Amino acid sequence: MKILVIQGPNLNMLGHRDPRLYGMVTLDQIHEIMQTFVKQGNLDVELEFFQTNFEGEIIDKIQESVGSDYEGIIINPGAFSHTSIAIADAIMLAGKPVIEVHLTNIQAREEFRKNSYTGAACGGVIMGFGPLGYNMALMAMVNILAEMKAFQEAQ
């Protein structure tokens, strides 16, 4: 069970600064924490991680997952959450569970961050938990897919 984790613009800069709202934990460290979570719960998942500052590369990537062996996507589209109708359209046609994560609470900052076109397209949205948000999303992804598979077999 391959889960694709997509990390949007500026997420690669975690650690390398603004620790007063994001922390000194890096993105590579968050990805280690996700692997730890997989093993600690013995969840049968194999993660692939992708970060980019390009809207088009996020779109290419979601598209590429269509009819691939990726069963689900966990995404933090970064500032593109608030602006990217194109990424939301891509999420809409993905044909699999997509879950949005934000490290910060996007209801609790500037007004321009409240809208998320991408989160409106996702099955579910997690915000405000920092790095832990991504393990939260892993957990949901497993339950969502297992549940979908029960509807498969028992039909």
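Think of the rigid core as the biggest set of C-alphas that the two forms share within 1.5 Å after superposition. In case it trips you up, residue 1 is the first one in the sequence shown, and so on.
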Per-stretch CA RMS vs shown form in 8 other deposited structures of this protein, rigid core as reference, larger of 62-70/118-126 is 62-70
Regarding 42-50 and 116-124, which shows the higher C-alpha temperature factor on average in the entry?
42-50
Quick check: 106-114 versus 66-74, which has the larger average CA B-factor in the record?
66-74
Among the modelled residues of its chain, the C-alpha B-factor of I87 falls in the third labelled lowest
What third of the chain, by the recorded C-alpha B-factor, contains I33?
highest
Record-listed C-alpha B factor of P9: chain third:
lowest
